[PDB]
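Structure first, then comments.
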Amino acid sequence: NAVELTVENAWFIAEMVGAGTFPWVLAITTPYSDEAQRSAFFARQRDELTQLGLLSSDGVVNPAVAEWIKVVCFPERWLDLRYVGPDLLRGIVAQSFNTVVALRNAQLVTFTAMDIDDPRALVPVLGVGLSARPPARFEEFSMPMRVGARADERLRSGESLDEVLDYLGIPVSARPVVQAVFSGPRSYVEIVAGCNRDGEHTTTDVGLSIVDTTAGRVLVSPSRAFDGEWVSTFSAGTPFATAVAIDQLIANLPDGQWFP
Amino acid sequence: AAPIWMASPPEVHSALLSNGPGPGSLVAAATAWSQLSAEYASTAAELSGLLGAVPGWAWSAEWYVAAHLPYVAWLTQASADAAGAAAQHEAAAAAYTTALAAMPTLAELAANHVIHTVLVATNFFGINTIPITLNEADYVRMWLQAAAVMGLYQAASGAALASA
Amino acid sequence: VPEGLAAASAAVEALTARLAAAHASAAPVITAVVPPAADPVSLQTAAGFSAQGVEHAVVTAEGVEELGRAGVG
């Protein structure tokens, strides 16, 4: 039970509710580019929103939704979402008790209210934009990241993939699965945790990522090292090993993880 | 009419501003108002020194010089708001040059989007470096930088135009 | 023309001449200022600087003629 709308619809609600500016991951900008065109849309939007019912007679907005926007514009602890699949879908997971999630498929913002039930209740919403593959199995290994980011920089500058995935601490059982992610039918997402308990707000230096390729779902959980560097494990896409792989990322923030 | 700087991407803000004659037209007036202000003043001292050209018998009809002198006050107030306009123009010119150097380039914005497409192509190993996010976060930065610079250039140039 | 005021008459003529010379030399440049760019701010200020430029160029044009006509009696 929720509701969807467009980017121009969404922004108008921020003007009557007073939430302000949306998170820029949603890319919800202002529709019109001159106050001379303001009345045209101040009158066309209130006209379209009463057709959906969420906007009452004159200017009153639906309370079940006016709550969903305030918690999104100014949250306390959020989780940026950026799905990629051949077309990009992106949203945010806000919390303020209640938790409201939003998604924008390049034209349609869709809000939805969730709960803080358990660490396992978040694996659907982070695996709904993917292709919903079953978790694969392979030999887990952890390679340095700042060197692993140099690998992808070669592939994109014209480099072969089979002669570089061996120049790592690569096993033999995991070369078939890492070869399927550099293909057409594959999708991934980048998760960035954020908190706003200061005069400013902060996000994480790195982020969690899951990939639904042909071989199956793949978890990619980073972890801090002793020298301040980042190393990431490539494990199976367990819907329960991800719930712990994320509170790790949230621990990097001065507000600590959300719940044990 | 007064626009909104946020609805428009930085690509358009940088396009209008990057391409133009330049502030050289403003400074060409500043050095003409300041040249003009110096001649409004120089002629006031000649007017106040109008006497003495009456040789000996200053005597009769002194009403002649008595009627030209009052205009020396107009020449001083004219030399004032002239050198003020030279300051108004030179201010807007510096407002432009500093706003142009603070606007993100079209080529910068260009190189941003080409990086965003190749990240979509191949991004598996270096995926916890979150390049997709930091490349968009660099765009929204340029988005807000462009909108801020214009909002400030509107006020900086809106106050230099003011003249009581 | 009077007797001793000839020297004074020639002087005010050299004053109005000195003004109009430097007044017209800088007139076509203070009134014709182009916006350094296409953005609406540059367009609005370049119009204003030309507006208060032409108004100043005609008020001071009358003032110079008002000065020459001071010696009427």
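Convention: chains lettered A, B, ... in structure tokens order; per-chain residue numbering from 1; ligands numbered from 1 as shown.
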
List every residue of chain B that has an atom at most 8 Å from any atom of chain A, giving for each one its closest atom pair and the distance in Å to one decimal, counting only C-alpha atoms, sorted by chain and then by ascending residue number, as JSON lines.
```
{"residue": "B:1", "atom": "CA", "partner": "A:36", "partner_atom": "CA", "distance": 7.1}
{"residue": "B:2", "atom": "CA", "partner": "A:34", "partner_atom": "CA", "distance": 6.5}
{"residue": "B:3", "atom": "CA", "partner": "A:34", "partner_atom": "CA", "distance": 4.3}
{"residue": "B:4", "atom": "CA", "partner": "A:33", "partner_atom": "CA", "distance": 4.8}
{"residue": "B:5", "atom": "CA", "partner": "A:33", "partner_atom": "CA", "distance": 7.1}
{"residue": "B:6", "atom": "CA", "partner": "A:30", "partner_atom": "CA", "distance": 6.6}
{"residue": "B:7", "atom": "CA", "partner": "A:30", "partner_atom": "CA", "distance": 4.9}
{"residue": "B:8", "atom": "CA", "partner": "A:33", "partner_atom": "CA", "distance": 6.6}
{"residue": "B:118", "atom": "CA", "partner": "A:156", "partner_atom": "CA", "distance": 6.9}
{"residue": "B:120", "atom": "CA", "partner": "A:84", "partner_atom": "CA", "distance": 6.8}
{"residue": "B:121", "atom": "CA", "partner": "A:156", "partner_atom": "CA", "distance": 7.8}
{"residue": "B:122", "atom": "CA", "partner": "A:182", "partner_atom": "CA", "distance": 6.3}
{"residue": "B:123", "atom": "CA", "partner": "A:152", "partner_atom": "CA", "distance": 6.4}
{"residue": "B:124", "atom": "CA", "partner": "A:181", "partner_atom": "CA", "distance": 7.1}
{"residue": "B:125", "atom": "CA", "partner": "A:148", "partner_atom": "CA", "distance": 5.2}
{"residue": "B:126", "atom": "CA", "partner": "A:149", "partner_atom": "CA", "distance": 3.6}
{"residue": "B:127", "atom": "CA", "partner": "A:209", "partner_atom": "CA", "distance": 6.8}
{"residue": "B:128", "atom": "CA", "partner": "A:207", "partner_atom": "CA", "distance": 5.0}
{"residue": "B:129", "atom": "CA", "partner": "A:206", "partner_atom": "CA", "distance": 5.4}
{"residue": "B:130", "atom": "CA", "partner": "A:207", "partner_atom": "CA", "distance": 6.0}
{"residue": "B:132", "atom": "CA", "partner": "A:190", "partner_atom": "CA", "distance": 7.5}
{"residue": "B:133", "atom": "CA", "partner": "A:190", "partner_atom": "CA", "distance": 7.4}
{"residue": "B:140", "atom": "CA", "partner": "A:24", "partner_atom": "CA", "distance": 7.0}
```

Original post:
Hey, what does DSSP flag as strand (DSSP E) within segment 11-252 of chain A? Can you give it to me as a VMD selection string?
Top reply: chain A and resid 77 to 84 88 to 95 99 to 104 108 to 114 141 to 144 187 to 195 202 to 203 208 to 212 217 to 224 230 to 236

Dump C-alpha atoms for the selected residues as a PDB file, in the first residue's frame?
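Heads up, here's the output in out.pdb:
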```pdb
ATOM      1  CA  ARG A  77      19.942   8.021   8.530  1.00  0.00           C
ATOM      2  CA  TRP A  78      19.552   7.212   4.830  1.00  0.00           C
ATOM      3  CA  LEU A  79      20.908   4.767   2.240  1.00  0.00           C
ATOM      4  CA  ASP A  80      21.532   6.000  -1.300  1.00  0.00           C
ATOM      5  CA  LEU A  81      20.448   3.557  -4.008  1.00  0.00           C
ATOM      6  CA  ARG A  82      21.757   3.507  -7.590  1.00  0.00           C
ATOM      7  CA  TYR A  83      20.708   0.525  -9.702  1.00  0.00           C
ATOM      8  CA  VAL A  84      22.278  -0.146 -13.101  1.00  0.00           C
ATOM      9  CA  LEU A  88      18.968   3.501 -14.587  1.00  0.00           C
ATOM     10  CA  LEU A  89      16.730   3.352 -11.510  1.00  0.00           C
ATOM     11  CA  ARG A  90      17.646   5.174  -8.307  1.00  0.00           C
ATOM     12  CA  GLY A  91      16.085   5.973  -4.962  1.00  0.00           C
ATOM     13  CA  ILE A  92      16.690   6.356  -1.240  1.00  0.00           C
ATOM     14  CA  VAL A  93      15.840   4.566   2.017  1.00  0.00           C
ATOM     15  CA  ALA A  94      15.043   7.204   4.643  1.00  0.00           C
ATOM     16  CA  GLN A  95      14.455   6.885   8.378  1.00  0.00           C
ATOM     17  CA  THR A  99      11.087   4.242   7.506  1.00  0.00           C
ATOM     18  CA  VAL A 100      10.025   5.453   4.051  1.00  0.00           C
ATOM     19  CA  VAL A 101      11.628   4.339   0.779  1.00  0.00           C
ATOM     20  CA  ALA A 102      11.429   6.119  -2.579  1.00  0.00           C
ATOM     21  CA  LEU A 103      12.383   5.105  -6.116  1.00  0.00           C
ATOM     22  CA  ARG A 104      12.630   7.151  -9.325  1.00  0.00           C
ATOM     23  CA  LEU A 108       8.202   8.266 -11.811  1.00  0.00           C
ATOM     24  CA  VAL A 109       8.888   8.675  -8.090  1.00  0.00           C
ATOM     25  CA  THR A 110       7.197   5.993  -5.967  1.00  0.00           C
ATOM     26  CA  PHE A 111       7.108   6.321  -2.175  1.00  0.00           C
ATOM     27  CA  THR A 112       6.437   3.480   0.261  1.00  0.00           C
ATOM     28  CA  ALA A 113       6.374   3.134   4.056  1.00  0.00           C
ATOM     29  CA  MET A 114       8.291   0.283   5.711  1.00  0.00           C
ATOM     30  CA  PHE A 141      38.234 -14.272  -1.735  1.00  0.00           C
ATOM     31  CA  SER A 142      39.153 -10.720  -0.732  1.00  0.00           C
ATOM     32  CA  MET A 143      41.318  -8.499  -2.932  1.00  0.00           C
ATOM     33  CA  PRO A 144      42.465  -4.904  -2.332  1.00  0.00           C
ATOM     34  CA  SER A 187      22.793  -5.578 -13.066  1.00  0.00           C
ATOM     35  CA  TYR A 188      24.324  -4.092  -9.932  1.00  0.00           C
ATOM     36  CA  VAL A 189      23.769  -1.350  -7.363  1.00  0.00           C
ATOM     37  CA  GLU A 190      25.897   0.905  -5.164  1.00  0.00           C
ATOM     38  CA  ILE A 191      24.782   1.550  -1.582  1.00  0.00           C
ATOM     39  CA  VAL A 192      26.001   4.636   0.292  1.00  0.00           C
ATOM     40  CA  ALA A 193      25.004   5.069   3.933  1.00  0.00           C
ATOM     41  CA  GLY A 194      24.426   8.526   5.362  1.00  0.00           C
ATOM     42  CA  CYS A 195      23.589  10.197   8.656  1.00  0.00           C
ATOM     43  CA  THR A 202      28.058  12.786   6.121  1.00  0.00           C
ATOM     44  CA  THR A 203      28.171   9.688   3.920  1.00  0.00           C
ATOM     45  CA  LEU A 208      28.231  -1.991  -0.436  1.00  0.00           C
ATOM     46  CA  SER A 209      27.324  -3.573  -3.765  1.00  0.00           C
ATOM     47  CA  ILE A 210      25.364  -6.628  -4.909  1.00  0.00           C
ATOM     48  CA  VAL A 211      25.359  -7.991  -8.463  1.00  0.00           C
ATOM     49  CA  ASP A 212      22.762 -10.295 -10.036  1.00  0.00           C
ATOM     50  CA  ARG A 217      23.808 -13.042  -6.907  1.00  0.00           C
ATOM     51  CA  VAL A 218      27.198 -11.863  -5.632  1.00  0.00           C
ATOM     52  CA  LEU A 219      27.854  -9.925  -2.427  1.00  0.00           C
ATOM     53  CA  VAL A 220      30.746  -7.440  -2.383  1.00  0.00           C
ATOM     54  CA  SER A 221      31.300  -6.245   1.201  1.00  0.00           C
ATOM     55  CA  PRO A 222      34.207  -3.888   2.006  1.00  0.00           C
ATOM     56  CA  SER A 223      36.086  -3.597   5.284  1.00  0.00           C
ATOM     57  CA  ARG A 224      38.642  -1.183   6.719  1.00  0.00           C
ATOM     58  CA  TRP A 230      39.831  -0.656   1.999  1.00  0.00           C
ATOM     59  CA  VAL A 231      39.616  -4.353   1.102  1.00  0.00           C
ATOM     60  CA  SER A 232      36.471  -6.044  -0.212  1.00  0.00           C
ATOM     61  CA  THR A 233      35.344  -9.665   0.017  1.00  0.00           C
ATOM     62  CA  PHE A 234      33.573 -11.369  -2.898  1.00  0.00           C
ATOM     63  CA  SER A 235      31.161 -13.843  -1.287  1.00  0.00           C
ATOM     64  CA  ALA A 236      27.809 -15.430  -2.118  1.00  0.00           C
TER      65      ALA A 236
END
```

- request: Pull out every residue of chain C sitting within 7 Å of chain B, counting only C-alpha atoms, and send them as number ranges by chain.
  value: C: 4-5, 7-8, 15, 22-23, 26, 29-30, 33-34, 36-39, 41, 45, 48, 67, 70-71

Residues as selected, N, CA, C and O atoms, written as a PDB file, in the first residue's frame, can you do that?
```pdb
ATOM      1  N   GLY C   4      35.298  95.489 -22.027  1.00  0.00           N
ATOM      2  CA  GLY C   4      36.262  94.677 -21.311  1.00  0.00           C
ATOM      3  C   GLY C   4      35.885  93.225 -21.131  1.00  0.00           C
ATOM      4  O   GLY C   4      36.743  92.422 -20.751  1.00  0.00           O
ATOM      5  N   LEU C   5      34.630  92.868 -21.395  1.00  0.00           N
ATOM      6  CA  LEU C   5      34.164  91.497 -21.235  1.00  0.00           C
ATOM      7  C   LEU C   5      34.528  90.599 -22.410  1.00  0.00           C
ATOM      8  O   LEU C   5      34.187  89.411 -22.388  1.00  0.00           O
ATOM      9  N   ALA C   7      37.468  89.425 -23.293  1.00  0.00           N
ATOM     10  CA  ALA C   7      38.328  88.360 -22.786  1.00  0.00           C
ATOM     11  C   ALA C   7      37.524  87.331 -22.002  1.00  0.00           C
ATOM     12  O   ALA C   7      37.776  86.124 -22.103  1.00  0.00           O
ATOM     13  N   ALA C   8      36.551  87.791 -21.212  1.00  0.00           N
ATOM     14  CA  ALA C   8      35.710  86.869 -20.454  1.00  0.00           C
ATOM     15  C   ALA C   8      34.777  86.091 -21.373  1.00  0.00           C
ATOM     16  O   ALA C   8      34.477  84.920 -21.116  1.00  0.00           O
ATOM     17  N   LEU C  15      35.427  77.126 -22.673  1.00  0.00           N
ATOM     18  CA  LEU C  15      34.975  76.145 -21.694  1.00  0.00           C
ATOM     19  C   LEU C  15      33.913  75.229 -22.288  1.00  0.00           C
ATOM     20  O   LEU C  15      34.029  74.001 -22.213  1.00  0.00           O
ATOM     21  N   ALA C  22      35.309  66.757 -25.169  1.00  0.00           N
ATOM     22  CA  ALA C  22      35.425  65.554 -24.356  1.00  0.00           C
ATOM     23  C   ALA C  22      34.072  64.931 -24.042  1.00  0.00           C
ATOM     24  O   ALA C  22      34.022  63.768 -23.626  1.00  0.00           O
ATOM     25  N   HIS C  23      32.982  65.676 -24.223  1.00  0.00           N
ATOM     26  CA  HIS C  23      31.654  65.118 -24.000  1.00  0.00           C
ATOM     27  C   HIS C  23      31.227  64.226 -25.159  1.00  0.00           C
ATOM     28  O   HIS C  23      30.630  63.166 -24.942  1.00  0.00           O
ATOM     29  N   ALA C  26      33.613  60.809 -25.568  1.00  0.00           N
ATOM     30  CA  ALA C  26      33.242  59.684 -24.725  1.00  0.00           C
ATOM     31  C   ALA C  26      31.755  59.365 -24.787  1.00  0.00           C
ATOM     32  O   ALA C  26      31.296  58.469 -24.071  1.00  0.00           O
ATOM     33  N   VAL C  29      30.657  55.714 -26.481  1.00  0.00           N
ATOM     34  CA  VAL C  29      31.154  54.527 -25.808  1.00  0.00           C
ATOM     35  C   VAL C  29      30.473  54.288 -24.465  1.00  0.00           C
ATOM     36  O   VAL C  29      30.363  53.131 -24.041  1.00  0.00           O
ATOM     37  N   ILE C  30      29.998  55.337 -23.793  1.00  0.00           N
ATOM     38  CA  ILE C  30      29.280  55.142 -22.537  1.00  0.00           C
ATOM     39  C   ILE C  30      27.839  54.723 -22.795  1.00  0.00           C
ATOM     40  O   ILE C  30      27.217  54.074 -21.948  1.00  0.00           O
ATOM     41  N   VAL C  33      27.300  50.148 -24.696  1.00  0.00           N
ATOM     42  CA  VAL C  33      28.021  49.110 -23.968  1.00  0.00           C
ATOM     43  C   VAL C  33      27.272  47.800 -24.164  1.00  0.00           C
ATOM     44  O   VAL C  33      26.058  47.731 -23.933  1.00  0.00           O
ATOM     45  N   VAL C  34      27.989  46.771 -24.603  1.00  0.00           N
ATOM     46  CA  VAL C  34      27.369  45.491 -24.938  1.00  0.00           C
ATOM     47  C   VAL C  34      27.527  44.534 -23.765  1.00  0.00           C
ATOM     48  O   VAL C  34      28.544  44.586 -23.059  1.00  0.00           O
ATOM     49  N   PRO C  36      28.729  41.514 -21.675  1.00  0.00           N
ATOM     50  CA  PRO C  36      29.871  40.611 -21.891  1.00  0.00           C
ATOM     51  C   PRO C  36      29.467  39.182 -22.219  1.00  0.00           C
ATOM     52  O   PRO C  36      30.334  38.388 -22.608  1.00  0.00           O
ATOM     53  N   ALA C  37      28.192  38.828 -22.074  1.00  0.00           N
ATOM     54  CA  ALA C  37      27.732  37.476 -22.349  1.00  0.00           C
ATOM     55  C   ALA C  37      26.257  37.532 -22.721  1.00  0.00           C
ATOM     56  O   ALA C  37      25.657  38.606 -22.809  1.00  0.00           O
ATOM     57  N   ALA C  38      25.673  36.354 -22.937  1.00  0.00           N
ATOM     58  CA  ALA C  38      24.275  36.254 -23.325  1.00  0.00           C
ATOM     59  C   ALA C  38      23.336  36.065 -22.143  1.00  0.00           C
ATOM     60  O   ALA C  38      22.130  36.300 -22.287  1.00  0.00           O
ATOM     61  N   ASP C  39      23.854  35.652 -20.985  1.00  0.00           N
ATOM     62  CA  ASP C  39      23.021  35.368 -19.821  1.00  0.00           C
ATOM     63  C   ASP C  39      22.139  36.566 -19.492  1.00  0.00           C
ATOM     64  O   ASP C  39      22.494  37.707 -19.815  1.00  0.00           O
ATOM     65  N   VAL C  41      21.557  38.241 -16.870  1.00  0.00           N
ATOM     66  CA  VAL C  41      22.100  39.255 -15.973  1.00  0.00           C
ATOM     67  C   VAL C  41      22.920  40.270 -16.759  1.00  0.00           C
ATOM     68  O   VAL C  41      22.724  41.484 -16.632  1.00  0.00           O
ATOM     69  N   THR C  45      22.120  44.382 -17.101  1.00  0.00           N
ATOM     70  CA  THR C  45      23.013  45.437 -16.641  1.00  0.00           C
ATOM     71  C   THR C  45      23.583  46.248 -17.798  1.00  0.00           C
ATOM     72  O   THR C  45      23.795  47.457 -17.652  1.00  0.00           O
ATOM     73  N   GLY C  48      20.947  48.708 -18.587  1.00  0.00           N
ATOM     74  CA  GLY C  48      20.881  49.778 -17.607  1.00  0.00           C
ATOM     75  C   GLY C  48      22.036  50.751 -17.726  1.00  0.00           C
ATOM     76  O   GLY C  48      21.854  51.965 -17.604  1.00  0.00           O
ATOM     77  N   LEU C  67      24.891  76.815 -19.854  1.00  0.00           N
ATOM     78  CA  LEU C  67      26.037  77.595 -19.399  1.00  0.00           C
ATOM     79  C   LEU C  67      26.405  78.674 -20.409  1.00  0.00           C
ATOM     80  O   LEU C  67      26.657  79.824 -20.033  1.00  0.00           O
ATOM     81  N   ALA C  70      24.417  81.974 -20.276  1.00  0.00           N
ATOM     82  CA  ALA C  70      24.377  82.735 -19.031  1.00  0.00           C
ATOM     83  C   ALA C  70      24.593  84.223 -19.279  1.00  0.00           C
ATOM     84  O   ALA C  70      23.969  85.065 -18.622  1.00  0.00           O
ATOM     85  N   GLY C  71      25.474  84.566 -20.216  1.00  0.00           N
ATOM     86  CA  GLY C  71      25.724  85.955 -20.552  1.00  0.00           C
ATOM     87  C   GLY C  71      24.746  86.503 -21.571  1.00  0.00           C
ATOM     88  O   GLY C  71      25.104  86.707 -22.736  1.00  0.00           O
TER      89      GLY C  71
END
```

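Distances to chain A were evaluated for C:63, C:40, C:53, C:47 using only C-alpha atoms, and the minimum falls at C:40.
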
Exercise. Among chain C, which residues carry a DSSP assignment of helix (DSSP H, G or I), reported as a PyMOL selection string?
Worked result: chain C and resi 6-25+27-30+40-68

**Message:** Report as a ChimeraX atom specification all protein, DNA and RNA residues lying within 8 Å of residue 68 of chain C, evaluated on only C-alpha atoms, omitting residues in the same chain fewer than 5 positions from it.
**Reply:** /C:12-13,16

Written selection (N, CA and C atoms) as a PDB file, in the first residue's frame:
```pdb
ATOM      1  N   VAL C  12      34.562  81.646 -21.677  1.00  0.00           N
ATOM      2  CA  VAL C  12      33.433  80.729 -21.541  1.00  0.00           C
ATOM      3  C   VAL C  12      33.199  79.964 -22.838  1.00  0.00           C
ATOM      4  N   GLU C  13      33.553  80.556 -23.982  1.00  0.00           N
ATOM      5  CA  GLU C  13      33.466  79.820 -25.239  1.00  0.00           C
ATOM      6  C   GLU C  13      34.473  78.678 -25.272  1.00  0.00           C
ATOM      7  N   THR C  16      32.868  75.811 -22.882  1.00  0.00           N
ATOM      8  CA  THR C  16      31.851  74.998 -23.540  1.00  0.00           C
ATOM      9  C   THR C  16      32.452  74.177 -24.676  1.00  0.00           C
TER      10      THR C  16
END
```

Check: With only C-alpha atoms as the basis for distance, which of C:1, C:17, C:24, C:11 is at the shortest distance from residue 73 of chain C?
Finding: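 For residue 73 of chain C, the nearest of the candidates is C:1.
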
| field | d(atom CA of residue 250 of chain A, atom CA of residue 137 of chain A) in Å | value |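 Computing the Euclidean distance for atom CA of residue 250 of chain A and atom CA of residue 137 of chain A yields 26.2 Å.
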
Neighbour list for residue 46 of chain A as a PyMOL selection string, cut-off 9 Å, only C-alpha atoms, skip fewer than 5 positions in-chain: chain A and resi 9+12+41+51+55+58-59
